[PDB]
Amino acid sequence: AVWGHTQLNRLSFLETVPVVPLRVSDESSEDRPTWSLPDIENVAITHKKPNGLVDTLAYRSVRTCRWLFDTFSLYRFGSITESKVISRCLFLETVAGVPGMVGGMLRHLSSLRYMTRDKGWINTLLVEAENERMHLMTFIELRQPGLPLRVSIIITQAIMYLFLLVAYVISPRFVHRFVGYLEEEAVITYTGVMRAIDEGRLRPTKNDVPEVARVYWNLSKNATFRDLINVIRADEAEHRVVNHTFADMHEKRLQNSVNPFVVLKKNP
């Protein structure tokens, strides 16, 4: 390590900015999903029974939202394509990148002012927030969108930021649960797509899988489009449980407990 007091005693490294590479492995934190595709081949669709008015409210937000989206996206009118898959999935990660961020931060500030230990919830919500971004940079590559969709993103994030921000204030049981179902709805989408290839109801023409994604998911150089999905969907299922476990931890007043999943990924 050549990181020390000489470098710390400097005023700037603006000097050095025109001689440092744009390496696509510096995009993310050194904190990557490590899957294996035979195994994540068998991620299944699930569903969690709603307990109270909150899990119910959550569920209705998330079904009502879908219906509307499916109709304003025109998505289930006529056949499928690769346009509409990528489009839905690009738009939607813009919104997906947020919750974990407004939650991640809230736990941060909440720690700081009460000077209480966070027992590991923050980073997970932060490294989610990154993940779902990373899906969006990946989807950036396969298809760039016209102004129309670039706008809808802005005005939507504007809205979805705020809502989340104040829901996560009031009942971050509402919000951790609300995510839970959004991941359940997604982990469908991404199977239905993995089952579309299989058969031949859709022709992947991006069997050059983006560089960004290759380094991010550590896929071998000959990965297909399906191979992308399967690792996105696995990540999407990780949150499905994690934000349901978190919504459950709230239900029974365990917001101050240790985030199980820091141990459940390192283990004995």
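Definition used throughout: the rigid core is the maximal C-alpha set that superposes within 1.5 Å between two forms. Numbers for residues come from their place in the sequence shown, where the first is 1.
- Query: Is 241 to 249 or 256 to 264 the stretch whose C-alphas end up farther from this model in 7 other deposited structures of this protein after a rigid core fit?
  - Reply: Between 241 to 249 and 256 to 264, the one lying farther away in 7 other deposited structures of this protein is 256 to 264.
- Task: Consider 152 to 160 and 76 to 84 separately and indicate which one has Cα atoms farther, on average, from the shown form in 7 other deposited structures of this protein after rigid core alignment.
- Result: This comes out as 76 to 84, the stretch further from the shown form in 7 other deposited structures of this protein.
- 160 to 168 versus 73 to 81: which one carries the higher mean Cα B factor per the record? Stretch with the greater average CA B-factor: 73 to 81.
- Which is higher in the entry, the mean Cα B factor of 202 to 210 or that of 234 to 242? Higher mean C-alpha B-factor in the PDB entry: 202 to 210.
- Item | Out of 98, 126, 142, 154, highest CA B-factor residue | That would be 142, according to the entry.
- Query: How does residue 28 rank on Cα B-factor within its chain, lowest, middle or highest third?
  - Reply: Within its chain, residue 28 is a lowest-third residue by C-alpha B-factor, going by the deposited values.
- Task: Sorting the chain's modelled residues by C-alpha B-factor, tell me whether residue 122 ends up in the lowest, middle or highest third.
- Result: As the PDB entry reports it, the C-alpha B-factor of residue 122 lands in the lowest third of its chain.
- Record-listed C-alpha B factor of residue 87: chain third: It falls in the top third of the chain.
- Item | residue 193 - Cα temperature factor, lowest/middle/highest third of chain | According to the entry, residue 193 has a C-alpha B-factor in the chain's lowest third.
- Item | Chain third (lowest, middle, highest) by recorded CA B-factor, residue given as residue 147 | Highest third.
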